[PDB]
Structures are given as C-alpha cells and as structure tokens.
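Structure first, commentary second.
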Amino acid sequence: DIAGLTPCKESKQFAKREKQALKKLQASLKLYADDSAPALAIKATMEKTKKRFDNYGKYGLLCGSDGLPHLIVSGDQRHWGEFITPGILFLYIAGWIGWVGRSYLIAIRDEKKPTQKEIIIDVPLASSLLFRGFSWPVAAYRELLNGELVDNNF
Amino acid sequence: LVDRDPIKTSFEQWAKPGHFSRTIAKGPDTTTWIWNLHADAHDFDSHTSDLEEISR
Amino acid sequence: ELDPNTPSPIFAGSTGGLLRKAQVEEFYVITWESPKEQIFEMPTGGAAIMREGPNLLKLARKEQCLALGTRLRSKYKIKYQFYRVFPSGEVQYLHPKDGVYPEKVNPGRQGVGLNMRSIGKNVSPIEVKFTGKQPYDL
Amino acid sequence: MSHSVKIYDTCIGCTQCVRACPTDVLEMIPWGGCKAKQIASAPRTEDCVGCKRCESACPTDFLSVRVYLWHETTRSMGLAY
Amino acid sequence: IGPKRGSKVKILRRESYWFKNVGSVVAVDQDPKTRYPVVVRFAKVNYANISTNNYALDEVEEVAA
Amino acid sequence: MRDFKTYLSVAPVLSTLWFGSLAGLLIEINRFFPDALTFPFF
Ligand code: CLA
Ligand code: CLA
Ligand SMILES: CC1=C(/C=C/C(C)=C/C=C/C(C)=C/C=C/C=C(C)/C=C/C=C(C)/C=C/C2=C(C)CCCC2(C)C)C(C)(C)CCC1
Ligand SMILES: CC1=C(/C=C/C(C)=C/C=C\C(C)=C/C=C/C=C(C)/C=C/C=C(C)/C=C/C2=C(C)CCCC2(C)C)C(C)(C)CCC1
Ligand SMILES: CC1=C(/C=C/C(C)=C/C=C\C(C)=C\C=C\C=C(C)\C=C\C=C(C)\C=C\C2=C(C)CCCC2(C)C)C(C)(C)CCC1
Ligand SMILES: CCCCCCCCCCCCO[C@H]1O[C@H](CO)[C@@H](O[C@H]2O[C@H](CO)[C@@H](O)[C@H](O)[C@H]2O)[C@H](O)[C@H]1O
Ligand code: SF4
Ligand code: SF4
C-alpha cells in the first residue's frame, strides 16, 4: 500500500523469489533417496519455507523492489502489529526482568553480614519475588512514582 | 582458616566470604575478585608456602 | 685499577653498573657491615660474597644502591650506608647528615605540605595569570 | 613542584602504613598534635624519581601522586645515561 | 550518652569517597583541641583496598541535623 | 519445605542452566511457530 508495493495478494518480484532461489533447492536432479529414509531437503526445509505458497498467512506485508517485505508500522491500512503488538510485548517482558532486578536486590542490605550474598543466589531467579511482574497490574506505573521509590528516596 | 580443624572437621567449607591473600576478599564487597578466582586460580605463591601438595 | 687495589665487595665481571655518565657527572656509592662470609643478590644482575674491609661497593645511581635493603634488610644488620661521590668532593652529604632511618625525630628540614591553601575545595582552578608580584613561586 | 604530588592525609602515622619509595621521603616530623604525631607530606624532594609507590599504601584520601613534576632532571628519570 | 556522639552522619567535602552518603561513626573526639577528630565507617569500600576514614566536625554537615 | 520470605541458594553459573534451557525452550516456540516477523494473537 505505502512506499514499497502491495502485500502478497500481488507482488510479482516477490513471486520470482519464491521460485528461483528456493526451488533450485532443486538443482539435484536426483541425489539418492528414491525411497531412502534420511536426506531431507526433499521434504520440507523447502516445503517448510515453501508450502509457504501464495500464502504465508497473508499479513499484508509491503514488499519493495526485489520484493523482500518492508515494515512500515505507522498504525494504518493494515500494519499495526509489527512493532506495538511485539512492542508492548518487549516492554512488558523486560521491566518484569528488572522490576525483579529492583527486587532480588531491594530485599537485601540488612539482617546480618550481607556483603556478597549475590555471588550465590538466595532464591534462584528470586523464585519468591518471581511473579511480582505478572503480579504487576499497574504497579510501578503508580507505586514507583508515588511512595517507596518516592522522591524522598530520590 | 578454619573453618576449623585441623583435625576435627569433615564438615566441608561451603559458606563464609573469601580465601586468597589475607586481608582477603574482606567482608566489604567488590567485583575485581571475580576475575581474580578464575585468573591465577592455578598459581603457587598461595595454597601453601610449601611445595609438597602442588606437585600432588 | 690495581697499583692501588683497595677492594671489599666481591663480584668478578658484569655488563651491569657504572658507565660513562658517572665520571662526566655524578657518582653515588653504598657501604655496609656484616658477620661471616655470605653470598648476596646484587643490583644489575649477577651475585657474589662479603667478609669485610669497608664493605664499600660503588653504584651508578642511588635508587640502585638502597635496594641493598629492600632485600638487604631481609638478611640481618643495622648499618648500611650510601653517600655521594663527585668528580671532586662534596655538598650533598647523602646518608651522612643527622640521625638515620626515615621514621624518627630530631629536626624537620623541608617538606611542608599545603601549598597556599590545603586540599580543600580546589574546585577553584588556576588563579592569577602568573604575574611578577603575587606569592606564587612555591 | 618541582615535585608536587600530594599524598598528604591526616594521620601521617607510619606504622603498618607506608615506607616504600627510593630515598625521597625522610619524614617523621611531628607537628604539635596529629595522633601518632608524625605529619606533613615530604622532606627535601630534590633527589629521586616519580613513583606513586608513594601512596599505593598509607592514605592520601583525595589524590595520591604520580608523575606531575614536568620540570624534570635526569637523576630524575634513571636515564641521563 | 545524653546528647549525640556517633549515631548517623553524612559526609560533605567532595574528595571523600562516600561523600554525600551516610554511614556509621565511632569514638568521636572529646577535648576542646584539634581539627581532624571523628572516625566514620560504612559497608562500601572505595578506591583503596582498605577504607575506614577520619573526617572532622568543621562540616559533618550532617544536615537536618 | 520452602514457605514465606526467601529460600535456599545456588551456584556461580546456574546461568548455564538458564541460558541453556529456559531460553532453550524458545527455539521450542521458534518451531511450534517455525516462524515470526509479526504474529497472530489469542
Ligand atoms: C537487574 C538490573 C539492572 C537494572 C534494573 C539496570 C538498569 C539500568 N541500567 Mg544497567 N546493568 C546491569 C543490570 C541492571 N541495569 C548489569 C548487570 C550491567 C553490566 C555491568 C549493567 C551495565 C549498564 C550500563 C553500561 C549502563 C547501564 C545503564 C542502566 C540504566 C539504563 C537502562 C539501559 O538502557 O541499560 C540496559 C541494561 C543493561 C545493559 C544491563 C544488562 C544486565 C541485565 C540483563 C540484568 C538482568 C538481571 C540479572 C540477571 C540479575 C539477576 C536476577 C536476580 C534477581 C536473581 C538503567 C537504570 C545505563 C545508564 O547508566 O543510564 C541510566 C548505562 O548505559 N547498565
Ligand atoms: C604446559 C602448560 C600450561 C600449563 C599447565 C600452564 C599453567 C599455568 N599457567 Mg600458563 N601458559 C602456557 C601453558 C601452560 N600454563 C602457555 C603456552 C602460555 C603462553 C600463552 C602461558 C602464559 C601464561 C601466563 C601469562 C600466565 C600463566 C599462568 C599459569 C598458571 C595459572 C593458571 C590459571 O589460573 O588458568 C588461567 C586460565 C584462565 C583464567 C581461563 C581463561 C582462558 C581464556 C583466555 C580463553 C581463551 C580463548 C578461547 C578461544 C576462549 C574459549 C572459547 C570461547 C570463545 C567460548 C598455571 C600454573 C599465570 C600465572 O600467574 O602463573 C602463576 C599467568 O597468567 N600462563
Ligand atoms: C524475541 C522478542 C521478544 C523478547 C524480548 C526480550 C524479553 C528480550 C531479550 C533479550 C535481552 C533482554 C537481551 C539483553 C542483553 C543484555 C546485554 C547484552 C547487556 C550487556 C551489557 C554490556 C554490553 C555492558 C558493557 C559495559 C559495561 C558493563 C558498562 C560500561 C563498560 C562496558 C561497555 C564494557 C519480544 C516478544 C518481547 C519482542 C519481539 C522479539
Ligand atoms: C508513540 C511512538 C513513539 C513515541 C516516542 C516518544 C515521544 C518517546 C519519548 C519517550 C520518553 C520521553 C521516554 C522517557 C520517559 C521518562 C522516564 C523517566 C522513563 C522511565 C523510567 C524509569 C524510571 C523506568 C524504571 C524501571 C522500570 C519501570 C523497570 C524496572 C526498574 C527500572 C529502573 C528498569 C516512538 C518514538 C517510540 C516511535 C513510534 C511510536
Ligand atoms: C563435547 C565437549 C566439548 C565441546 C564443547 C562445545 C563445542 C560446546 C559448544 C556449545 C555451543 C556452541 C553452544 C551454543 C549455543 C548457542 C545457542 C543456544 C544459540 C542461541 C540461541 C537462542 C535461543 C537465541 C535466540 C534469539 C532469537 C530468537 C533471535 C535473536 C535473539 C535471541 C538471541 C534471543 C569439549 C571439546 C569442550 C570438551 C568437553 C565436552
Ligand atoms: C610431619 C610433620 C609436619 C606436619 C606439620 C603440622 C601441620 C599439620 C597439618 C598438615 C600439613 C598442613 O597442610 C597440608 O595438609 C593439609 C591437610 O591437613 C592439606 O590441605 C589443607 O591444608 C592447608 C594448610 O596447609 C589449607 O590451607 C588448605 O586449604 C587445605 O586443603 C594441604 O595440602 C597441605 O599443605
Ligand atoms: S602513612 Fe601515608 S601520613 Fe599516612 S598518609 Fe601520609 S605518608 Fe604517612
Ligand atoms: S612517590 Fe615520589 S617521592 Fe615518593 S618515593 Fe615515589 S618517587 Fe619518590
């Protein structure tokens, strides 16, 4: 739709890629497996990159010249989840890496001599402060900016 | 070092900060000693001032 | 030399110490005491023996001839003693002077430790532009 | 300066603290009250090279010295020969 | 014990390693006299291998309080 | 045997049983969906 061309519903250049290139995968008139049970170009590796026919799903997917597909993601015509869908995903996963970073850490500096408890690991991964992340509804999006890590502690 | 011996533990040394030169890895925390430990891990100016073992 | 042979600190050869710039300028030399015939370590890479005389070895430059201490006091003895020889005489009486063993009290001598103002907030950079009338020649 | 690197501290006590450094530092010059009462930062420094072996041991709690001298003899670098 | 001797003090000089941080104290000086009393102490080391230093009340800005 | 307020330790590199594995189970999602570059949802 935008700068490159249209998706899969038509993309001539893209078509030629499907075909030569891969199918020369062929290129081995035979190469012996008339019945034989190992050498697996034959089945998939192609067909798994291949039965990926005039279908790949359908994805929209813009495809420029040479027909390699380009990613716009400006939230329009079709392309929205090529950054946001896998974007918030990156955010959510990280941040629940470091929400617990700021956790199997803020749980130690106390009691009796706590000077490298960390070269061994008290609860592995934290396996206690663990889910605090999925057990983040809202969470730091409020309690970070109000109290605890409070401007005081700033 | 104990833990405590000489002679009079089988109870092995798993737990109590350090080992390797004597105002050792000190209580007080640091990182350098984590490349220490691996580097010079094999060496001999420490382990004991006495041949003996090393060849052993 | 030989017609005057006055030695003390045994050695034999070596391409180590003393060469041209110890005549044409300054000299530097260490002296010492010792009990009974013992084999030492040496600056300049080599190694020999002792017994006595003056026990007076001459040395290229004075960082060299105090190292008899940085090991030559892990081998007994109060007494080891290096001076400064010229190509003619004195001023700079090197281990001579007053008392000895850098860590006692008779006098104060030099040192100071302060500059103008002390270690405090010299976030204050360089001040006046260097100009012949305000106490910055120390 | 001509050798001017500050190792000063506040204790200037020198027992299990610092001694190392070719000639340069004939101190123990007790200033009228500083605990183990021996003080300052040097004696007559126009003698030896440019170490920082100077600290390495016994505090300077600030900097610690190094080369800064510029005006640099030869007896001040091993090699005037 | 009656006033405050060595119970919590920040550092404020800007040279001192744990400067703005507040660690613990010990046998702060008694007499009218000198200018470098007060030992302080905290967990975190510093650039030397051993770090347990003495600062002095002309300052300890503790500050609030 | 492990109740509430942190637990037992573990070694220097249990990260080598954390890089290898966990993460390892992810090739295991990168063949179940043998492919990506956007993704359908559930
Ligand atoms: C738990 C983790 C933790 C957290 C919350 C942070 C957070 C931060 N780091 Mg950081 N960092 C870490 C560990 C962490 N770091 C480690 C281990 C290192 C290696 C020395 C670094 C090296 C580093 C540098 C050079 C920089 C930062 C910077 C930053 C800041 C910018 C974020 C960024 O873009 O860097 C992305 C994060 C990294 C590159 C860190 C990689 C290590 C992560 C993956 C730790 C993962 C958890 C770990 C396995 C702990 C074990 C879990 C335990 C509970 C069992 C941010 C405050 C930047 C800064 O100062 O600006 C404010 C600066 O550029 N970090
Ligand atoms: C027959 C001999 C052999 C043996 C038994 C030793 C034994 C020893 N050597 Mg030694 N050495 C050897 C051959 C040997 N060396 C050779 C051929 C060299 C010349 C390169 C050296 C140069 C050398 C030096 C400079 C030192 C020693 C030291 C030592 C002592 C320290 C050992 C240690 O802690 O591990 C050290 C090993 C590590 C810390 C592991 C790190 C290895 C890294 C660099 C990986 C190498 C790259 C590789 C491609 C990475 C793996 C793949 C990766 C991409 C996934 C020990 C007595 C040290 C000492 O202080 O003496 C007391 C001193 O450091 N050796
Ligand atoms: C697949 C994907 C995903 C996932 C994501 C995640 C979750 C992740 C990850 C991964 C990660 C999370 C990674 C990271 C890593 C880290 C690192 C790699 C770090 C490093 C560090 C460094 C490099 C440092 C360095 C240094 C220092 C230490 C300081 C200074 C100096 C120097 C520089 C040396 C999602 C779905 C979401 C989206 C799509 C795609
Ligand atoms: C829409 C869109 C966009 C927009 C953008 C912008 C406008 C940006 C800026 C941005 C910014 C401006 C940022 C910043 C912010 C601020 C801050 C401040 C942040 C933060 C933070 C923090 C503080 C964090 C923390 C944490 C967590 C949460 C986790 C754990 C722990 C830690 C630490 C890591 C873009 C471009 C992407 C592209 C397209 C799409
Ligand atoms: C037998 C043996 C041996 C050998 C060893 C070796 C050789 C090993 C190796 C190992 C290895 C060679 C390993 C590797 C690994 C790798 C991997 C495992 C990869 C990966 C991955 C992942 C899972 C990731 C993914 C992703 C994506 C999806 C994209 C981008 C981002 C990321 C990265 C996240 C020797 C001789 C020593 C001796 C002993 C025994
Ligand atoms: C025959 C008369 C001589 C005996 C001397 C009296 C001391 C008695 C202790 C035995 C010798 C000392 O240590 C010797 O044996 C230890 C077991 O005891 C061994 O192992 C252990 O001993 C070391 C101290 O020596 C420890 O610091 C090591 O971490 C430990 O592994 C050493 O490899 C060996 O150096
Ligand atoms: S030991 Fe270091 S006063 Fe103390 S820091 Fe000054 S020379 Fe002596
Ligand atoms: S630090 Fe300087 S003065 Fe001290 S011994 Fe070394 S070179 Fe001499």
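The way I read the labels, and the way they are meant: chains A, B, ... in the order of the structure tokens, residue 1 as the first residue of every chain, and ligand 1 as the first ligand shown, with later ones counted on from there.
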
Hey, which residues sit close to ligand 6? Say within 8 Å, counting only C-alpha atoms and all ligand atoms, and write them as a list in words.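 What falls inside 8 Å of ligand 6 is residues 1, 6, 7, 47, 48, 50, 52, 53 and 54 of chain B.
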
What lies within 10 Å of residue 26 (chain B) using only C-alpha atoms, ignoring chain neighbours under 4 positions off, as a ChimeraX atom specification? /A:115 /B:17-19,21-22,30 /E:45,49-50

Could you save the residues just selected, with C-alpha atoms, as a PDB file, in the first residue's frame?
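Once everything was written out, this is selection.pdb:
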ATOM      1  CA  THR A 115      28.150  -8.463  51.665  1.00  0.00           C
TER       2      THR A 115
ATOM      3  CA  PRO B  17      33.305 -14.843  52.462  1.00  0.00           C
ATOM      4  CA  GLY B  18      36.554 -15.431  50.694  1.00  0.00           C
ATOM      5  CA  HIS B  19      40.007 -17.029  50.569  1.00  0.00           C
ATOM      6  CA  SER B  21      45.603 -13.474  50.460  1.00  0.00           C
ATOM      7  CA  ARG B  22      44.848 -12.474  53.870  1.00  0.00           C
ATOM      8  CA  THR B  30      33.838  -5.914  45.297  1.00  0.00           C
TER       9      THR B  30
ATOM     10  CA  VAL E  45      34.775   0.157  50.350  1.00  0.00           C
ATOM     11  CA  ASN E  49      41.761  -1.895  49.434  1.00  0.00           C
ATOM     12  CA  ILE E  50      41.055  -0.651  52.972  1.00  0.00           C
TER      13      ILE E  50
END

Can you work out which residues are within 12 Å of ligand 5, considering only C-alpha atoms and all ligand atoms, and then hand them over as a ChimeraX atom specification? /A:90 /F:16-31,33-37

Please extract the residues at most 9 Å from ligand 4, counting only C-alpha atoms and all ligand atoms, and provide them as a PDB file with N, CA and C atoms, in the first residue's frame, using the chain letters and residue numbers of this document.
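Ended up saving to part27.pdb:
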ATOM      1  N   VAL A  73       4.680   0.040   9.817  1.00  0.00           N
ATOM      2  CA  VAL A  73       4.120   0.190  11.159  1.00  0.00           C
ATOM      3  C   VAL A  73       3.993   1.677  11.587  1.00  0.00           C
ATOM      4  N   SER A  74       2.872   2.261  11.151  1.00  0.00           N
ATOM      5  CA  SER A  74       2.506   3.655  11.412  1.00  0.00           C
ATOM      6  C   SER A  74       1.045   3.644  11.865  1.00  0.00           C
ATOM      7  N   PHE A  83       5.273  -3.796  15.497  1.00  0.00           N
ATOM      8  CA  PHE A  83       6.039  -3.017  16.450  1.00  0.00           C
ATOM      9  C   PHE A  83       5.353  -2.887  17.804  1.00  0.00           C
ATOM     10  N   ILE A  84       4.074  -2.534  17.783  1.00  0.00           N
ATOM     11  CA  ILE A  84       3.323  -2.322  19.003  1.00  0.00           C
ATOM     12  C   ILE A  84       2.987  -3.690  19.585  1.00  0.00           C
ATOM     13  N   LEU A  91       8.359  -4.496  25.991  1.00  0.00           N
ATOM     14  CA  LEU A  91       8.316  -3.715  27.205  1.00  0.00           C
ATOM     15  C   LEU A  91       7.921  -4.605  28.373  1.00  0.00           C
ATOM     16  N   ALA A  94      10.737  -7.417  29.462  1.00  0.00           N
ATOM     17  CA  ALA A  94      11.686  -6.581  30.183  1.00  0.00           C
ATOM     18  C   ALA A  94      10.866  -5.760  31.182  1.00  0.00           C
ATOM     19  N   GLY A  95      11.504  -5.119  32.149  1.00  0.00           N
ATOM     20  CA  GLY A  95      10.718  -4.406  33.150  1.00  0.00           C
ATOM     21  C   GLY A  95      10.097  -5.380  34.136  1.00  0.00           C
ATOM     22  N   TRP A  96       9.707  -6.567  33.669  1.00  0.00           N
ATOM     23  CA  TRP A  96       9.485  -7.671  34.600  1.00  0.00           C
ATOM     24  C   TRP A  96      10.727  -8.565  34.644  1.00  0.00           C
ATOM     25  N   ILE A  97      11.788  -8.092  33.989  1.00  0.00           N
ATOM     26  CA  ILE A  97      13.134  -8.622  34.173  1.00  0.00           C
ATOM     27  C   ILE A  97      13.792  -7.802  35.272  1.00  0.00           C
ATOM     28  N   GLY A  98      13.578  -6.487  35.209  1.00  0.00           N
ATOM     29  CA  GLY A  98      14.225  -5.524  36.101  1.00  0.00           C
ATOM     30  C   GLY A  98      13.350  -5.002  37.227  1.00  0.00           C
ATOM     31  N   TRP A  99      12.035  -5.209  37.117  1.00  0.00           N
ATOM     32  CA  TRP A  99      11.151  -4.971  38.245  1.00  0.00           C
ATOM     33  C   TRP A  99      11.620  -5.908  39.328  1.00  0.00           C
ATOM     34  N   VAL A 100      12.057  -7.088  38.896  1.00  0.00           N
ATOM     35  CA  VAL A 100      12.636  -8.068  39.798  1.00  0.00           C
ATOM     36  C   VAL A 100      14.158  -7.865  39.956  1.00  0.00           C
ATOM     37  N   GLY A 101      14.778  -7.174  38.999  1.00  0.00           N
ATOM     38  CA  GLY A 101      16.112  -6.609  39.204  1.00  0.00           C
ATOM     39  C   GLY A 101      16.109  -5.699  40.426  1.00  0.00           C
ATOM     40  N   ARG A 102      15.254  -4.671  40.405  1.00  0.00           N
ATOM     41  CA  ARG A 102      14.977  -3.841  41.579  1.00  0.00           C
ATOM     42  C   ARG A 102      14.159  -4.634  42.628  1.00  0.00           C
ATOM     43  N   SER A 103      14.442  -5.928  42.808  1.00  0.00           N
ATOM     44  CA  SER A 103      13.706  -6.725  43.810  1.00  0.00           C
ATOM     45  C   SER A 103      14.526  -7.829  44.512  1.00  0.00           C
ATOM     46  N   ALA A 140       4.449  -0.286  39.265  1.00  0.00           N
ATOM     47  CA  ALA A 140       5.417   0.811  39.143  1.00  0.00           C
ATOM     48  C   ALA A 140       4.816   2.034  38.472  1.00  0.00           C
ATOM     49  N   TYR A 141       3.854   1.805  37.577  1.00  0.00           N
ATOM     50  CA  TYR A 141       3.089   2.893  36.935  1.00  0.00           C
ATOM     51  C   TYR A 141       2.298   3.787  37.911  1.00  0.00           C
ATOM     52  N   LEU A 144       5.875   3.234  41.906  1.00  0.00           N
ATOM     53  CA  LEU A 144       7.183   3.821  41.574  1.00  0.00           C
ATOM     54  C   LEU A 144       7.120   5.337  41.724  1.00  0.00           C
ATOM     55  N   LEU A 145       6.144   5.980  41.075  1.00  0.00           N
ATOM     56  CA  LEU A 145       6.089   7.437  41.087  1.00  0.00           C
ATOM     57  C   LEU A 145       5.457   8.019  42.362  1.00  0.00           C
TER      58      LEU A 145
END

Excluding same-chain residues fewer than 5 positions from residue 112 (chain C), what lies within 7 Å of it counting only C-alpha atoms, as a ChimeraX atom specification? /D:40-42

What would the file look like if the residues just selected were written as a tab-separated table (two decimals), in the first residue's frame with C-alpha atoms?
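Dumped to out04.tsv:
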chain	number	residue	atom	x	y	z
D	40	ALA	CA	53.14	16.66	56.52
D	41	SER	CA	53.72	15.27	53.02
D	42	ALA	CA	57.52	15.11	52.32

Using only C-alpha atoms, which chain E residues lie at most 12 Å away from chain B, written as a PyMOL selection string? chain E and resi 41-52

All residues having an atom within 8 Å of ligand 8 (only C-alpha atoms and all ligand atoms) as a list in words: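 Within the 8 Å cut-off, the matching residues are residues 3, 5, 20, 21, 22, 23, 24, 25, 42, 45, 48, 49, 50, 51, 52, 53, 54, 55, 65, 66 and 67 of chain D.
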
Dump as a compact mmCIF listing (two decimals), in the first residue's frame, selection limited to N, CA, C and O atoms:
# COMPACT_ATOMS: atom_id res chain seq x y z
N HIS D 3 58.74 18.79 42.40
CA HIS D 3 57.96 17.61 42.57
C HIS D 3 56.80 17.94 43.46
O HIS D 3 56.97 18.32 44.59
N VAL D 5 53.24 16.27 44.11
CA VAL D 5 52.14 15.36 44.10
C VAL D 5 51.78 15.11 45.54
O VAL D 5 52.63 14.73 46.37
N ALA D 20 57.91 2.43 51.67
CA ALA D 20 58.34 2.28 50.27
C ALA D 20 58.54 3.58 49.48
O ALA D 20 57.67 4.46 49.51
N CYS D 21 59.68 3.68 48.79
CA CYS D 21 59.92 4.77 47.84
C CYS D 21 61.33 5.37 47.85
O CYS D 21 61.65 6.19 48.71
N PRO D 22 62.16 5.00 46.84
CA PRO D 22 63.62 5.26 46.76
C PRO D 22 64.13 6.62 47.27
O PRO D 22 64.19 7.58 46.51
N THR D 23 64.50 6.67 48.56
CA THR D 23 65.15 7.84 49.20
C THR D 23 64.17 8.94 49.59
O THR D 23 64.11 9.34 50.75
N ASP D 24 63.41 9.39 48.60
CA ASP D 24 62.66 10.66 48.62
C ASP D 24 62.08 11.14 49.96
O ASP D 24 62.09 12.34 50.23
N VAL D 25 61.59 10.22 50.78
CA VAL D 25 60.70 10.57 51.90
C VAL D 25 61.25 10.34 53.34
O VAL D 25 60.80 9.44 54.05
N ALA D 42 56.17 15.41 52.85
CA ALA D 42 57.52 15.11 52.32
C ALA D 42 58.67 15.64 53.21
O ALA D 42 58.41 16.27 54.24
N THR D 45 62.72 16.98 48.46
CA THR D 45 62.35 16.02 47.40
C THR D 45 63.23 16.05 46.15
O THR D 45 63.09 15.20 45.26
N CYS D 48 64.96 12.15 44.15
CA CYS D 48 64.53 10.95 43.44
C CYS D 48 63.33 11.09 42.49
O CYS D 48 62.58 12.06 42.51
N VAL D 49 63.21 10.04 41.67
CA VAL D 49 62.27 9.82 40.57
C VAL D 49 60.75 10.06 40.88
O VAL D 49 60.43 10.82 41.80
N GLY D 50 59.82 9.44 40.11
CA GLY D 50 58.37 9.74 40.23
C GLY D 50 57.35 8.60 40.37
O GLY D 50 56.64 8.27 39.42
N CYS D 51 57.22 8.05 41.58
CA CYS D 51 56.65 6.70 41.79
C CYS D 51 55.12 6.48 41.86
O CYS D 51 54.59 5.67 41.08
N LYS D 52 54.43 7.17 42.78
CA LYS D 52 53.13 6.72 43.35
C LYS D 52 53.19 5.38 44.09
O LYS D 52 52.18 4.90 44.62
N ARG D 53 54.37 4.76 44.15
CA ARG D 53 54.58 3.77 45.19
C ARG D 53 54.32 4.55 46.49
O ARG D 53 54.00 3.98 47.53
N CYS D 54 54.42 5.88 46.35
CA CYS D 54 54.23 6.90 47.38
C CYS D 54 53.00 6.73 48.27
O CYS D 54 53.12 6.63 49.50
N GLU D 55 51.81 6.73 47.67
CA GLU D 55 50.69 6.06 48.31
C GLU D 55 50.86 4.58 47.99
O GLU D 55 51.71 3.91 48.60
N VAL D 65 49.40 11.27 44.06
CA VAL D 65 50.68 11.47 43.36
C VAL D 65 50.87 10.48 42.20
O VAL D 65 50.18 9.47 42.11
N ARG D 66 51.83 10.80 41.34
CA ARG D 66 52.06 10.09 40.10
C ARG D 66 53.31 10.73 39.48
O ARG D 66 54.36 10.80 40.15
N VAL D 67 53.23 11.20 38.23
CA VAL D 67 54.37 11.91 37.64
C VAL D 67 54.42 13.42 37.93
O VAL D 67 55.51 13.97 38.01

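Contacts from chain C to chain E at a cut-off of 12 Å (only C-alpha atoms) map to residues 119, 120, 121, 122 and 123 of chain C.
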
Write out the residues from the selection above, keeping C-alpha atoms, as a tab-separated table (two decimals), in the first residue's frame.
chain	number	residue	atom	x	y	z
C	119	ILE	CA	43.36	20.00	49.92
C	120	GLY	CA	40.01	21.69	50.46
C	121	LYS	CA	37.75	22.76	47.59
C	122	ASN	CA	40.32	23.44	44.87
C	123	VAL	CA	37.38	23.47	42.50

When you draw a straight line from CA of residue 9 (chain D) to CA of residue 31 (chain B), how long is it in Å?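 For CA of residue 9 (chain D) relative to CA of residue 31 (chain B), the distance reads 26.7 Å.
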
Contact check, chain A to chain B, at most 12 Å, counting only C-alpha atoms, closest pairs as CSV:
residue,atom,partner,partner_atom,distance
A:109,CA,B:29,CA,11.6
A:112,CA,B:27,CA,11.6
A:113,CA,B:27,CA,7.8
A:114,CA,B:27,CA,8.6
A:115,CA,B:29,CA,5.5
A:116,CA,B:29,CA,6.2
A:117,CA,B:17,CA,9.1
A:118,CA,B:29,CA,10.2
A:119,CA,B:34,CA,9.0
A:120,CA,B:15,CA,9.8

Include N, CA and C atoms and write out the residues we just selected as a PDB file, in the first residue's frame.
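Saved result, result_5.pdb, follows:
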ATOM      1  N   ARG A 109      20.378  -5.965  52.206  1.00  0.00           N
ATOM      2  CA  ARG A 109      21.272  -4.875  52.670  1.00  0.00           C
ATOM      3  C   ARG A 109      21.127  -4.783  54.198  1.00  0.00           C
ATOM      4  N   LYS A 112      21.975  -9.625  59.135  1.00  0.00           N
ATOM      5  CA  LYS A 112      23.396  -9.722  59.496  1.00  0.00           C
ATOM      6  C   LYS A 112      24.250  -9.811  58.209  1.00  0.00           C
ATOM      7  N   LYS A 113      25.579  -9.915  58.342  1.00  0.00           N
ATOM      8  CA  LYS A 113      26.520  -9.527  57.259  1.00  0.00           C
ATOM      9  C   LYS A 113      26.124  -9.920  55.813  1.00  0.00           C
ATOM     10  N   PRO A 114      25.612  -8.931  55.047  1.00  0.00           N
ATOM     11  CA  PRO A 114      25.019  -9.100  53.727  1.00  0.00           C
ATOM     12  C   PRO A 114      25.922  -8.540  52.628  1.00  0.00           C
ATOM     13  N   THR A 115      27.111  -9.116  52.472  1.00  0.00           N
ATOM     14  CA  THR A 115      28.150  -8.463  51.665  1.00  0.00           C
ATOM     15  C   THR A 115      28.613  -9.153  50.371  1.00  0.00           C
ATOM     16  N   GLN A 116      27.718  -9.918  49.732  1.00  0.00           N
ATOM     17  CA  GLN A 116      28.035 -10.742  48.552  1.00  0.00           C
ATOM     18  C   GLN A 116      27.136 -11.973  48.539  1.00  0.00           C
ATOM     19  N   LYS A 117      26.001 -11.886  49.233  1.00  0.00           N
ATOM     20  CA  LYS A 117      25.012 -12.962  49.204  1.00  0.00           C
ATOM     21  C   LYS A 117      24.664 -13.296  47.759  1.00  0.00           C
ATOM     22  N   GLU A 118      25.186 -12.484  46.842  1.00  0.00           N
ATOM     23  CA  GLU A 118      24.664 -12.340  45.479  1.00  0.00           C
ATOM     24  C   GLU A 118      25.470 -13.127  44.435  1.00  0.00           C
ATOM     25  N   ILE A 119      26.679 -13.555  44.832  1.00  0.00           N
ATOM     26  CA  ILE A 119      27.535 -14.424  44.021  1.00  0.00           C
ATOM     27  C   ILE A 119      27.010 -15.865  44.094  1.00  0.00           C
ATOM     28  N   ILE A 120      26.289 -16.171  45.181  1.00  0.00           N
ATOM     29  CA  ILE A 120      25.326 -17.284  45.231  1.00  0.00           C
ATOM     30  C   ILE A 120      23.947 -16.650  45.148  1.00  0.00           C
TER      31      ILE A 120
END
